[PDB]
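See structure below.
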Amino acid sequence: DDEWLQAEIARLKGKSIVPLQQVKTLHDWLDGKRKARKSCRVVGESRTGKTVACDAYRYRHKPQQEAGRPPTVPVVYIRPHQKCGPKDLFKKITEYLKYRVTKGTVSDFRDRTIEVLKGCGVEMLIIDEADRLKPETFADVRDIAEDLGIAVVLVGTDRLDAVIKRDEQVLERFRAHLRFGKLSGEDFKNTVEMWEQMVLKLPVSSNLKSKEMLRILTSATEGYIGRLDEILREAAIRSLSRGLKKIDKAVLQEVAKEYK
Amino acid sequence: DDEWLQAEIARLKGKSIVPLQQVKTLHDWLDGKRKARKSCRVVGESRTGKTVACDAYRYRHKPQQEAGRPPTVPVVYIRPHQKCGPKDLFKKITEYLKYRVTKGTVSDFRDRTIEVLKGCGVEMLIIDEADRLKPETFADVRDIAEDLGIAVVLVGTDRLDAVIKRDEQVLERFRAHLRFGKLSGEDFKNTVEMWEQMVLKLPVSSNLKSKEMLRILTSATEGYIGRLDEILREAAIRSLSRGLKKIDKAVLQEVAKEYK
Amino acid sequence: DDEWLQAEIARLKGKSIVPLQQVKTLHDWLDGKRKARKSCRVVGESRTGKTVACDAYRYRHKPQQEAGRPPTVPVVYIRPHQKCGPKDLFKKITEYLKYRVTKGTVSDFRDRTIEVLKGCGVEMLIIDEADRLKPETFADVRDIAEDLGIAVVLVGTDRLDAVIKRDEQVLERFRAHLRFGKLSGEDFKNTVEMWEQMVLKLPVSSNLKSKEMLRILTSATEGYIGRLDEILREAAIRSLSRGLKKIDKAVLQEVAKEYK
Amino acid sequence: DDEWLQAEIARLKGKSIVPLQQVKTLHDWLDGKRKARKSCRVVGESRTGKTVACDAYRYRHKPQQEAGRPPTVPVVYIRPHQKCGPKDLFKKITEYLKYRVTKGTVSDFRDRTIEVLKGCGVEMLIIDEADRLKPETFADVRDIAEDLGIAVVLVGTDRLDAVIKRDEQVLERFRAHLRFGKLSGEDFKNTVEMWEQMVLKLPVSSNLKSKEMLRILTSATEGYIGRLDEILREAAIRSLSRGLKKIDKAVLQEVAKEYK
Amino acid sequence: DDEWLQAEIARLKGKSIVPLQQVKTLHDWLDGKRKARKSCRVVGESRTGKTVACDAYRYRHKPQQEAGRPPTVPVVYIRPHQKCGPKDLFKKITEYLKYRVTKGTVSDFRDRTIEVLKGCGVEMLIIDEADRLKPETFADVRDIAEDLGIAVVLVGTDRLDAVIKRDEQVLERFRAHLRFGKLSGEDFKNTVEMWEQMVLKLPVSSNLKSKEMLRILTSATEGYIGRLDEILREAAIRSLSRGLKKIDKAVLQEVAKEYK
Amino acid sequence: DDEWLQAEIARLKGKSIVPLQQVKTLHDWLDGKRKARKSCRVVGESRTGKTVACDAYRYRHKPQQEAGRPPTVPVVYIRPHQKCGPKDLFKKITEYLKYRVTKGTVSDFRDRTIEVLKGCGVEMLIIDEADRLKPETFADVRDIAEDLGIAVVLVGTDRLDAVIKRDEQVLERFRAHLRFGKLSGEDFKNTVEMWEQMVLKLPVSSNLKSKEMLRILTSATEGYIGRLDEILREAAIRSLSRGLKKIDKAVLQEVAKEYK
Amino acid sequence: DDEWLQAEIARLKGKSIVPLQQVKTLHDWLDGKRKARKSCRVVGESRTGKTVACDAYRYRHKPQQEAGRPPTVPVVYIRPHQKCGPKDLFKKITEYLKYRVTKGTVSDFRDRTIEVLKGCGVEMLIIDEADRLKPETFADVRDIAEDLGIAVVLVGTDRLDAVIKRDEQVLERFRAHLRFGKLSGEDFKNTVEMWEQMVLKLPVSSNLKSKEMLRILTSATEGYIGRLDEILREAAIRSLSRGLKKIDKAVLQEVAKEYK
DNA sequence: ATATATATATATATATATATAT
DNA sequence: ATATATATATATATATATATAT
Ligand SMILES: Nc1ncnc2c1ncn2[C@@H]1O[C@H](COP(=O)(O)OP(=O)(O)NP(=O)(O)O)[C@@H](O)[C@H]1O
Ligand SMILES: Nc1ncnc2c1ncn2[C@@H]1O[C@H](COP(=O)(O)OP(=O)(O)NP(=O)(O)O)[C@@H](O)[C@H]1O
Ligand SMILES: Nc1ncnc2c1ncn2[C@@H]1O[C@H](COP(=O)(O)OP(=O)(O)NP(=O)(O)O)[C@@H](O)[C@H]1O
Ligand SMILES: Nc1ncnc2c1ncn2[C@@H]1O[C@H](COP(=O)(O)OP(=O)(O)NP(=O)(O)O)[C@@H](O)[C@H]1O
Ligand SMILES: Nc1ncnc2c1ncn2[C@@H]1O[C@H](COP(=O)(O)OP(=O)(O)NP(=O)(O)O)[C@@H](O)[C@H]1O
Ligand SMILES: [Mg+2]
Ligand SMILES: [Mg+2]
Ligand SMILES: [Mg+2]
Ligand SMILES: [Mg+2]
Ligand SMILES: [Mg+2]
Ligand SMILES: [Mg+2]
Ligand SMILES: [Mg+2]
């Protein structure tokens with residue numbers, strides 16, 4: 001049972017992907033853009049479910065490689081490091097395509113990146129956290145989208161919009177957008193119960209996320225999916241660590257106070 | 001028919017060159033400058049039809065090569081990468097002339113570029129996106145225009161003007177200019193219908209630039225050719241994907257909202 | 001006896017760790033977060049007992065190394081220098097893990113830090129004085145917590161909260177918190193006597209921290225564990241230097257006036 | 001006649017040297033400096049007639065070579081490329097003297113340059129666009145002037161003055177100067193008519209550059225010669241291309257608007 | 001004749017300089033100050049003929065440049081922009097002397113301004129609208145007058161006097177003054193007729209500005225030269241637009257009512 | 001004689017140093033302070049004779065340099081520019097000592113300034129117009145006076161006193177002071193005649209500055225030496241320009257009215 | 001005797017250290033803090049005897065170096081320059097310890113400073129004029145005191161208190177303080193006579209600082225030691241320069257008036 | 001003969017922050 | 001509250017001769 005307890009904390013520790021309306025709308029939108037080689041920017045709030053949705057979109061299309069040829073990777077997802085220069089972006093791109101870099105000058109990296117990017121038949125390049133990369137590499141992402149006909153989707157906090165706003169063409173080129181929903185309302189109530197069954201995975205305790213727990217969670221999370229996830233996992237881990245089989249109102253008040 | 005559908009999305013995906021007053025004025029202007037070996041700068045807004053017009057001008061004069069001699073390329077078009085140094089500009093120039101570079105020092109590249117640039121009888125050097133190249137290569141483009149009697153036409157967003165403004169001679173040498181029109185008015189109404197027949201190549205809805213669709217498009221595109229094209233292709237692709245044979249007002253409202 | 005006097009001033013000079021409710025609550029909280037790989041921020045006042053408590057938590061879990069393998073360091077504690085850049089943070093992290101740095105570029109440091117951070121099985125990364133590091137390294141600490149599943153605990157004065165407030169995701173990601181108590185009241189009275197026996201270590205003088213000395217110390221320290229420790233050590237050192245065997249009211253009034 | 005038209009556009013395309021007070025003052029000044037082996041710097045505005053005047057001075061003294069000995073080149077004119085290093089300056093100098101370079105180290109180039117520079121009896125070294133060469137080659141031009149007794153005349157935009165100002169001896173050594181005139185006033189009126197007869201070379205049209213055309217040209221050129229020339233050649237080419245035998249007010253308004 | 005009508009409205013549109021006692025007194029005064037390198041302030045009312053008089057004084061002494069040396073500009077006239085800082089004043093000064101600015105720090109601008117201000121042998125620096133520049137640049141104008149021995153003449157509305165009054169030395173240094181006359185009386189009657197012949201330039205209509213028109217104009221203009229000019233030009237333009245060959249009493253009553 | 005007239009206006013244009021009780025008291029005071037390395041501040045009114053007196057004190061002690069060693073400059077006089085930062089003050093100091101600055105950081109300038117300031121054996125540092133320099137450079141002037149034992153004499157309008165008043169130590173350190181006299185009374189009467197013989201230098205006209213001219217000048221100048229000088233030079237120049245051999249009462253009334 | 005006179009002015013010129021109750025209290029206080037590695041801030045007025053007292057404390061403990069090892073410098077005194085950055089503070093610290101700096105980055109300086117600061121066994125770091133250093137170096141002084149167990153004593157005018165007040169921990173960490181006495185009263189009377197014998201060193205004149213001279217000095221100095229010293233030295237120098245063997249009431253009235 | 005590190009500093013902003021001002 | 005210098009520590013690519021030891 002302590003073996004089972006180790007299973008429980010490890011399983012609750014790792015995150016899951018519970019499919020809700022947000023990620024489905026995002027996938028539909030991204031399919032629409034990718035069929036049209038259209039570069040959009042999918043902006044949203046922070047702690048709201050953007051990176052997970054882009055990852056899910058990256059996975060449903062896992063590259064199916066020909067028996068002996070370079071794998072046709074339709075969607076490429078990279079999330080650059082802080083102040084990603086043009087060299088670093090190319091390193092990340094050609095790394096995700098699983099071509100190790102040969103040491104060279106920025107131009108050599110650019111040339112090799114274009115070569116493996118046309119070779120692997122990339123259709124969409126999702127740059128997550130695209131407010132990090134420097135203004136002098138938006139020129140190269142513009143170049144990629146400009147010549148290879150690749151739908152570049154810049155993901156990022158609202159800060160990304162101002163980041164593209166002070167530049168001129170990036171703002172013109174990346175103008176189709178899709179704001180992440182806040183999720184508040186009856187749909188938020190569904191999500192709450194959806195987390196109980198899908199992710200929490202506990203023997204049914206007849207909790208049912210009643211208006212009390214819902215008031216607590218609307219009070220605490222403010223609608224952010226992260227916050228829903230962080231709070232519920234913490235409460236579950238706490239309750240199982242103290243022997244409680246289900247989640248009490250006590251531990252819910254605990255995590256509520258220790259956030260706000 | 002699904003075969004036909006694949007034909008339709010692929011054809012709508014790729015862009016066309018619909019000839020309108022803007023590109024014709026530009027060609028006439030560039031012919032005037034080229035007959036006089038006059039270096040101008042053709043500035044304009046962003047998402048407005050500059051690169052396409054320069055490309056069209058590059059194509060009508062496709063080089064006619066002597067049977068065995070280097071091809072006389074009258075117009076050379078290059079659009080340098082971000083922070084194009086003097087070496088990189090020469091690489092791009094001598095690449096467009098189809099002479100592969102022999103590895104060497106910046107001086108060697110300069111000498112070879114002058115040699116193949118006088119050899120191919122180049123008359124005009126259109127540097128698109130000429131706000132990218134560094135201030136220390138305007139000296140070399142000045143040198144080219146200075147010694148080879150070649151009309152250098154710098155294309156770029158308005159940022160290019162400030163870019164040449166802080167330098168001194170580039171501003172004096174490149175002072176003849178041609179602003180890209182915004183196109184708004186009755187001429188915009190013509191363009192709208194001109195896109196229906198030329199580029200959309202779909203069964204006519206008999207809209208004839210109907211004032212409703214025109215209000216929508218004036219409302220949405222703000223006159224940018226780049227926005228009429230993006231919107232119309234998206235609406236066409238959407239309507240054909242959902243089975244609709246023509247474009248409904250519904251999908252037009254869709255793309256309108258998803259831009260602004 | 002002068003030998004004994006040297007022992008006394010040296011022992012009073014060095015600090016001790018007297019276990020009280022604050023550090024116990026902190027350890028319990030940090031255990032809860034670490035079992036859940038949950039990143040919190042344990043904020044509090046200044047001169048209040050945060051660094052000492054984090055150090056005590058670092059020590060109870062001293063790494064138990066396999067006979068010949070890299071030591072599994074469960075908790076890593078670093079307190080960066082002023083304006084810690086991303087390179088400097090990685091240097092400190094990989095230093096605490098006892099891997100000397102090989103000279104390289106910021107990317108190389110990042111890669112090596114991730115490699116030794118997954119190797120040593122780190123579970124928690126306590127960044128003390130986490131208001132120092134620059135905004136452009138919160139991205140990397142976000143990245144660490146993001147990919148390695150490591151509970152990053154940012155410690156700091158209240159200034160840290162504003163420091164994370166102007167940034168966007170750091171504020172969302174680090175939202176569970178634990179304010180340091182001020183300690184005032186009967187519990188403060190206990191602490192006072194607890195310092196007499198544990199840390200002061202003097203032959204019993206029947207002082208007993210009577211309401212007079214308590215009024216003085218509540219008057220002087222304002223509850224900060226730092227002010228009590230500083231005051232009591234000074235008074236003890238003074239009294240032993242002037243030959244007094246216990247602490248008089250005179251020296252207590254002395255240190256009281258010389259603070260406020 | 002179309003043959004004649006080709007003659008006309010080709011003749012108008014190429015530039016001429018119309019002798020006016022500016023170049024005459026410059027030649028007199030340079031003769032004075034050269035008789036005294038005096039290094040000056042002839043600064044001026046941009047688009048004003050400096051390079052042409054230095055070239056004219058270079059040509060009136062074309063080297064008269066002894067029957068079989070190295071030609072005594074009294075005046076040497078070079079205009080270095082961007083960031084001319086010490087090696088590059090020597091290459092240009094010994095190239096202008098028509099001694100091909102033998103591949104070697106910077107020292108070897110220096111030694112050979114001194115040898116051919118004393119051999120050809122050079123008296124004056126006009127470095128046009130002398131704001132290009134790097135600060136570490138002003139030492140070598142100082143050396144040349146210091147040992148060979150050669151009047152080094154640095155030509156350049158006003159930026160050259162600041163370029164020598166941050167260095168110390170170059171500023172002391174090159175302190176005699178001659179600012180290029182702006183030419184505005186009655187003398188500008190003469191120049192205008194002087195361009196009609198000398199350079200435009202058209203059947204007399206009784207235009208006579210009347211106060212109207214003079215207001216236009218003062219309005220447009222702002223006195224810059226190289227602007228009077230650009231405008232007049234363009235207007236002439238346009239008028240001859242559209243069949244007009246003389247220059248109309250229409251085409252003058254055209255070029256006026258298309259500059260400012 | 002419509003051609004003639006276009007000539008008439010264009011000629012009436014542009015202003016002239018009719019020489020009257022005010023500008024002559026000002027020139028005599030400024031000559032007296034300039035021979036003595038004496039800094040005065042020529043204060044006056046608003047809409048009264050100060051800027052025009054200073055301009056006329058600037059023009060009679062148009063700089064006569066040596067054949068090849070910097071032009072000796074005896075009088076320099078600048079009218080700074082709103083809240084002219086010390087950098088901006090130097091930019092305007094060295095611009096009027098036709099030396100383009102090299103980008104630098106405020107100190108660099110100051111040094112270059114002193115260098116070109118002693119070089120061009122400037123004798124008088126007329127700062128028109130000298131109530132605009134900030135209090136922290138009166139120090140620099142004091143410095144100029146202080147070291148170069150240059151007669152600085154501050155022009156401005158009466159607000160300028162209070163502007164110098166709250167500062168201390170500017171008030172002491174700029175104390176010689178010359179108030180602009182209001183012009184009312186018989187001399188105003190002369191001016192009225194002087195505007196008919198000099199500036200209005202119409203076939204003689206035997207109007208002669210009789211006591212009626214004089215009562216109207218004394219009633220309307222209140223003596224301000226600007227209002228006379230404004231009124232007379234408007235009446236002339238109106239009368240010529242409605243076909244009237246001379247100015248009727250009707251249009252004079254019109255402009256009179258539409259001012260007051 | 002017109003040659004003589006040019007001599008007269010040029011001689012009257014340039015200023016002289018007529019020695020009167022004010023400058024003698026100042027020199028005695030400054031000698032007393034300098035023998036004692038005492039930092040004072042010699043405050044006074046504006047337009048009163050402070051800068052001239054400090055200059056005269058600077059000149060009587062012209063540095064006597066050893067045959068080959070750095071010149072021992074006992075008194076150093078600088079009058080900083082507006083908002084003189086710490087770098088700028090050091091530039092001015094080490095400039096007056098005739099050591100050109102080597103480009104560096106503020107610290108490097110400080111170190112070099114201390115080195116050449118101890119080398120040239122400076123005894124007194126007269127900062128004229130010492131209300132200009134910023135509050136953050138009073139620290140460095142405090143430092144100079146603090147370490148080198150150099151009598152720093154801050155000169156300035158009364159505004160300087162408030163400028164040092166809001167700072168704390170500058171006010172304590174610079175507290176010995178010497179107010180400039182207003183000069184009104186019989187001593188003013190002497191000065192008046194002293195200007196006739198010393199500075200005006202005219203054939204004796206038996207004017208003798210009688211009670212009438214004295215009433216005029218007391219009425220006009222209010223005792224300021226500047227105004228005494230400004231008025232007398234203007235009247236002399238006017239009278240000599242209009243042919244008058246001496247100064248009439250007419251021109252005295254003229255300058256009187258044109259000041260007040 | 002003139003030789004003797006040169007001895008007298010030179011001896012009076014240089015300052016002495018007359019030991020009075022203020023410096024003795026300060027030394028006792030600093031010994032108490034240093035035995036306890038306690039960081040205090042010894043605040044006081046300006047022109048009151050703080051720097052001299054800290055210097056005297058620095059000298060009584062002159063480092064006694066082992067025969068061949070780094071000298072154990074117990075007390076380190078530095079008084080940073082204006083806006084001392086973190087690099088500059090480290091330069092000053094490691095300079096006072098007589099280790100010349102090896103050129104490097106701010107981090108390298110920090111590391112070397114910690115290394116030589118633990119090596120020389122520093123016990124106390126007296127930062128005189130500690131209101132100069134920037135807020136971003138209080139972090140490093142906090143760090144020093146934080147890790148090396150070094151009693152950092154910040155000296156400064158009252159402005160230092162506000163300087164630490166707007167920061168947060170510096171105010172908490174440096175809270176023990178010692179205000180400089182104003183010295184007024186009978187103790188001031190003693191000091192007065194103590195300056196006669198100790199510092200003035202004159203043949204006894206039976207002056208005895210009688211109530212008259214005491215009223216003058218209380219009237220003039222206001223108790224500041226700095227002013228007693230300044231006044232007495234000036235009066236002594238004056239009286240010896242004018243031949244007077246003792247100090248008269250005349251010269252005392254002189255310096256009194258020339259201060260206030 | 002040749003590739004070879006091998007430093008070579010070396011620019012150029014590069015923002016980036018921080019006043020200080022109205 | 002919005003704007004404008006201004007010093008400054010720093011990271012970065014880069015390309016240039018350059019000796020030099022097989
Ligand atoms: N569809 C989902 N299913 C399950 N968990 C999710 C889902 N979306 C988000 N989360 C949780 O939310 C957190 C990650 O959300 P994330 O997608 O990173 O938001 P984010 O906005 O992309 N982060 P950031 O963009 O940097 O502010 C994790 O705790 C996930 O468990
Ligand atoms: N004449 C044209 N015919 C058809 N499509 C055109 C035409 N001109 C522009 N476009 C469309 O506009 C987009 C390209 O316009 P483009 O010429 O690049 O503007 P641009 O200003 O040069 N881009 P940029 O300069 O970087 O802001 C594409 O979507 C084209 O389909
Ligand atoms: N004396 C002249 N006769 C005829 N054309 C002239 C003359 N001087 C200048 N030009 C024209 O002016 C242009 C060249 O002027 P130029 O001498 O290069 O000015 P510049 O200042 O040297 N150029 P730059 O120094 O780089 O700003 C050409 O168009 C010439 O035709
Ligand atoms: N001497 C003149 N001859 C002709 N028109 C004049 C003359 N003086 C002034 N004006 C007219 O008056 C107007 C300009 O007067 P102006 O000299 O600017 O007065 P001002 O006081 O300098 N303006 P301002 O100082 O800003 O109040 C124009 O309409 C001129 O036509
Ligand atoms: N001793 C003197 N002999 C002759 N002229 C003098 C003398 N003192 C002052 N002046 C005149 O007064 C003017 C300069 O006086 P100045 O010494 O600058 O006063 P100031 O107070 O220092 N100026 P400022 O401090 O900025 O208000 C000049 O016109 C001098 O000719
Ligand atoms: Mg995210
Ligand atoms: Mg484009
Ligand atoms: Mg702490
Ligand atoms: Mg030129
Ligand atoms: Mg005006
Ligand atoms: Mg003065
Ligand atoms: Mg002090």
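All residue names refer to the structure tokens as shown: chains lettered A, B, ... in order, residues numbered from 1 in each chain, ligands numbered from 1 in order.
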
Within-9 Å residues of ligand 8, basis only C-alpha atoms (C1' of nucleotides) and all ligand atoms, as a count of residues only | 14

Contact residues around range 6-10 of chain I with only C-alpha atoms (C1' of nucleotides) at 10 Å, ignoring same-chain residues under 4 positions, as a PDB file with C-alpha atoms (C1' of nucleotides), in the first residue's frame:
ATOM      1  CA  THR E 105      26.949  64.296 -26.650  1.00  0.00           C
ATOM      2  CA  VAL E 106      25.849  67.765 -25.557  1.00  0.00           C
TER       3      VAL E 106
ATOM      4  CA  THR F 105      36.029  56.177 -17.717  1.00  0.00           C
ATOM      5  CA  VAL F 106      35.080  58.699 -15.037  1.00  0.00           C
TER       6      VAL F 106
ATOM      7  CA  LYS G  87      33.412  47.454  -8.986  1.00  0.00           C
ATOM      8  CA  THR G 105      34.817  41.663 -14.752  1.00  0.00           C
ATOM      9  CA  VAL G 106      32.803  42.798 -11.735  1.00  0.00           C
TER      10      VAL G 106
ATOM     11  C1'  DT H  14      23.011  47.275 -26.880  1.00  0.00           C
ATOM     12  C1'  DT H  16      19.136  49.222 -19.953  1.00  0.00           C
ATOM     13  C1'  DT H  18      18.470  55.922 -13.818  1.00  0.00           C
ATOM     14  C1'  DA H  19      18.146  59.759 -12.774  1.00  0.00           C
TER      15       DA H  19
END

Define the interface residues of chain E facing chain F as those within 10 Å, counting only C-alpha atoms, and report them as an MDAnalysis selection string.
-> chainID E and resid 32:33 35:38 40 86 107 110 136:140 143 149 167:179

Using DSSP on the backbone, list every residue of range 79-244 of chain G that comes out as strand (DSSP E), and give them as number ranges by chain.
-> G: 124-127, 151-156, 176-177

Writer output for current selection, N, CA, C and O atoms, as a CSV table (one decimal), in the first residue's frame:
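What ended up in again.csv:
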chain,number,residue,atom,x,y,z
G,124,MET,N,37.0,44.6,10.6
G,124,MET,CA,36.1,45.8,10.5
G,124,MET,C,36.4,46.5,9.3
G,124,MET,O,37.5,46.8,8.9
G,125,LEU,N,35.3,46.9,8.6
G,125,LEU,CA,35.4,47.6,7.3
G,125,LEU,C,34.7,49.0,7.5
G,125,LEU,O,33.4,49.0,7.5
G,126,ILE,N,35.4,50.0,7.8
G,126,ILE,CA,34.8,51.4,8.0
G,126,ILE,C,34.7,52.1,6.7
G,126,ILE,O,35.7,52.6,6.1
G,127,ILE,N,33.4,52.2,6.2
G,127,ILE,CA,33.1,52.9,4.9
G,127,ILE,C,32.8,54.4,5.3
G,127,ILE,O,31.7,54.7,5.6
G,151,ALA,N,32.5,43.4,10.6
G,151,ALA,CA,31.7,44.4,11.2
G,151,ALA,C,31.9,45.6,10.2
G,151,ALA,O,32.9,46.3,10.2
G,152,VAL,N,30.8,45.9,9.4
G,152,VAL,CA,30.9,47.0,8.5
G,152,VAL,C,30.3,48.3,9.2
G,152,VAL,O,29.2,48.2,9.7
G,153,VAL,N,31.1,49.3,9.3
G,153,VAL,CA,30.7,50.5,10.0
G,153,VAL,C,30.5,51.6,8.9
G,153,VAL,O,31.5,52.1,8.4
G,154,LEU,N,29.3,52.0,8.6
G,154,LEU,CA,29.1,53.1,7.7
G,154,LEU,C,29.1,54.4,8.4
G,154,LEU,O,28.3,54.7,9.3
G,155,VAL,N,30.0,55.3,8.0
G,155,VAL,CA,30.1,56.6,8.5
G,155,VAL,C,29.4,57.6,7.5
G,155,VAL,O,29.4,57.3,6.3
G,156,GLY,N,28.8,58.7,8.0
G,156,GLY,CA,28.3,59.6,7.0
G,156,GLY,C,27.5,60.7,7.6
G,156,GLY,O,27.2,60.7,8.9
G,176,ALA,N,22.5,49.8,14.8
G,176,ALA,CA,23.2,50.3,16.0
G,176,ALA,C,23.9,51.5,15.5
G,176,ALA,O,24.6,51.5,14.4
G,177,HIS,N,23.9,52.6,16.3
G,177,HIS,CA,24.4,53.9,15.8
G,177,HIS,C,25.0,54.7,16.9
G,177,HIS,O,24.8,54.4,18.1

Every residue of range 6-252 of chain D that DSSP places in alpha helix (DSSP H), as a ChimeraX atom specification = /D:6-13,21-35,50-60,86-96,106-119,135-148,159-165,169-173,186-195,211-221,225-241,249-252

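Going from CA of residue 211 in chain E to atom 6 (C, counted along the ligand's line) of ligand 4 covers 22.5 Å.
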
Residue 92 in chain F surroundings by only C-alpha atoms (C1' of nucleotides), 8 Å radius, close-in-sequence under 4 positions cut, as number ranges by chain = F: 78, 80, 88, 96

For the residues in the current selection, export C-alpha atoms as an mmCIF file, in the first residue's frame.
data_model
loop_
_atom_site.group_PDB
_atom_site.id
_atom_site.type_symbol
_atom_site.label_atom_id
_atom_site.label_comp_id
_atom_site.auth_asym_id
_atom_site.auth_seq_id
_atom_site.Cartn_x
_atom_site.Cartn_y
_atom_site.Cartn_z
ATOM 1 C CA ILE F 78 38.078 77.068 -14.311
ATOM 2 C CA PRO F 80 32.517 74.975 -15.659
ATOM 3 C CA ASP F 88 33.504 67.428 -17.239
ATOM 4 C CA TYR F 96 43.839 74.136 -17.773
#

For the interface of chain H with chain B (cut-off 12 Å, counting only C-alpha atoms (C1' of nucleotides)), please tabulate each contacting residue of chain H alongside its nearest pair of atoms and their separation in Å to one decimal, rows sorted by chain and increasing number, as a Markdown table.
| residue | atom | partner | partner_atom | distance |
| --- | --- | --- | --- | --- |
| H:11 | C1' | B:136 | CA | 11.6 |
| H:12 | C1' | B:134 | CA | 11.1 |
| H:13 | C1' | B:134 | CA | 11.9 |

Suppose we keep N, CA, C and O atoms (P, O5', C5', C4', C3', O3' and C1' of nucleotides); can you now write the selection as a CSV table (one decimal), in the first residue's frame?
chain,number,residue,atom,x,y,z
H,11,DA,P,37.2,49.1,-31.7
H,11,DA,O5',36.1,49.7,-32.8
H,11,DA,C5',35.9,49.0,-34.0
H,11,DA,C4',34.5,48.4,-34.1
H,11,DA,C3',33.4,49.4,-33.6
H,11,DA,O3',32.3,49.3,-34.5
H,11,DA,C1',33.1,47.3,-32.5
H,12,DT,P,31.7,50.6,-35.2
H,12,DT,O5',30.3,50.1,-35.6
H,12,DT,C5',29.8,48.7,-35.2
H,12,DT,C4',28.9,48.8,-34.1
H,12,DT,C3',28.7,50.3,-33.5
H,12,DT,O3',27.4,50.7,-33.8
H,12,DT,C1',28.8,48.6,-31.8
H,13,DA,P,26.9,52.3,-33.7
H,13,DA,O5',25.8,52.2,-32.6
H,13,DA,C5',24.5,51.5,-32.8
H,13,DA,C4',24.7,50.1,-32.3
H,13,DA,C3',23.5,49.6,-31.4
H,13,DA,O3',23.8,48.2,-31.2
H,13,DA,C1',25.4,49.6,-30.2

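For the pair CA of residue 23 in chain B and atom 11 (C, counted along the ligand's line) of ligand 2, the interatomic distance is 11.6 Å.
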
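Coordinates place CA of residue 206 in chain F at a distance of 19.8 Å from CA of residue 186 in chain F.
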
For range 195-202 of chain C, list every protein, DNA or RNA residue within 9 Å, evaluated using only C-alpha atoms (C1' of nucleotides), and leave out those in the same chain fewer than 3 positions away; present the list as number ranges by chain.
-> C: 12, 15-18, 190-192, 205, 207-209, 228-229, 232-233, 236, 245-246
